[PDB]
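Each chain, letter by letter, is given below.
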Amino acid sequence: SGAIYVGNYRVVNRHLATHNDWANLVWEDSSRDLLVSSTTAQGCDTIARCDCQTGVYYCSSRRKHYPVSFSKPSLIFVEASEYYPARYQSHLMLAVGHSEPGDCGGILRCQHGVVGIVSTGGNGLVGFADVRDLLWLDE
Ligand SMILES: NC(=O)[C@H]1CCN(C(=O)Cc2cc(C(F)(F)F)ccc2Cl)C1
Ligand SMILES: [Zn+2]
């Protein structure tokens, strides 16, 4: 679990969105595993606007943060799970690191701010849904 709070928005993994998230829906994209809902309180997370390929992510299954090198956002085949059939997920970045299903939502940050959230894993890899292209989160 985990979310990004920026301005009047909350960014979560689409497969983990709650009833309140869907009732206050702003935007969702199944192909990216992202959902954005509106909030009443103001968020203070800073979103990175960059092409960094190094950062640190929070891994809840180890209660630790790990530094990683990660790929640029791309269309990657993602194996079937209980939330989606086998499909290509877009805007996904992979790194070598530990991830279990409950780790979805952990934030990946670079020196510029929030880069994305854990969205996939398995085989010693961890995948992050990018949010750096969502320029409207700031306005
Ligand atoms: N973005 C997606 O399609 C998500 C939906 C839920 N997803 C998962 O559970 C995949 C997953 C599997 C494992 C493994 F290998 F241990 F079984 C570890 C971590 C993750 Cl996130 C993908
Ligand atoms: Zn950066």
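Residues numbered from 1 in each chain as written, not as in the entry; some residues may be left out. Chains lettered and ligands numbered in written order. Heavy atoms only, no water.

Asks: With reference to specific residues and values, describe unusual backbone geometry.
Replies: Here the phi dihedral of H91 falls at roughly 55°; this positive angle occurs in a residue that is not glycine. Among the secondary structure elements, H91 is positioned in strand β7 (residues 87-96). Classification of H91 as partly exposed rests on a relative accessible area of 29%. Positioned with a positive phi, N123 is a non-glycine residue whose angle comes to about 55°. (Helix = DSSP H or I, 4+ residues; strand = E, 2+ residues; numbered from the N terminus. Buried < 20%, exposed > 50% of the residue type's maximum accessible area, 1.4 Å probe, protein only.)

Asks: Can you lay out the layout of surface pockets for me, pointing to particular residues and giving the numbers?
Replies: Of the voids in this model, the largest pocket is the one considered here, and its volume is about 580 Å³. In terms of lining residues, the largest pocket is bounded by 30 residues, among which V78, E79, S119, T120 and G121 are the most central. Looking at the lining of the largest pocket, the elements that each hand over two or more residues are β6 (74-78), β7, β9 (113-122) and β10 (125-130). Of the residues in the lining of the largest pocket, the class split is 14 nonpolar, 11 polar and five charged. (1 Å grid on protein atoms, 1.4 Å probe; cavity = no way out; pocket = protein on both sides within 12 Å on 5 of 7 lines; lining within 4 Å. Points joined across faces, edges and corners; volume = space filled by probe spheres on them. Nonpolar A, V, L, I, M, F, W, Y, C, P; charged D, E, K, R; others polar.)

Asks: Please give an account of the coordination of the zinc ion (ligand 2) that cites residues and values.
Replies: Looking at the metal site, the zinc ion (ligand 2) is ligated by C50 (SG), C52 (SG), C110 (SG) and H112 (ND1), spaced 2.2 to 2.4 Å from it. For the zinc ion (ligand 2), the four donor atoms in the first shell make angles of 99 to 116° at the metal, a pattern classed as tetrahedral. For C52, a relative accessible area of 14% translates into the label buried. (Donors = N, O, S within 2.8 Å, 3.2 Å for Na, K, Ca; no water. Tetrahedral: all angles 85-135°; square planar, octahedral: opposite > 155°, others 65-115°.)

Asks: With reference to specific residues and values, describe the site of ligand 1.
Replies: What surrounds ligand 1 is a group of 16 residues, the closest being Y84, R87, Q89, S119 and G122. Within the side chain of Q89, an N or O atom sits 2.9 Å from a nitrogen atom of ligand 1. Here a nitrogen atom of ligand 1 and a backbone polar atom of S119 are 3.0 Å apart. Look at ligand 1: alone it shows 490 Å² of surface, and the protein chains cover 76% of it. Judged by its atoms lying within 2 Å of the grid points, ligand 1 is housed in the largest pocket. Going through the elements one at a time, β7 and β9 are the ones with two or more residues in the shell around ligand 1. When residues in the shell around ligand 1 are grouped by element, the largest group, four residues, is from β9. (Near = heavy atom within 4 Å. Polar contact = N/O pair within 3.5 Å; in protein donor to acceptor, adjacent residues only side chain to side chain. Areas by Shrake-Rupley, 256 points an atom, 1.4 Å probe, with all protein chains shown as cover. Sits in = over half its atoms within 2 Å of the grid points.)

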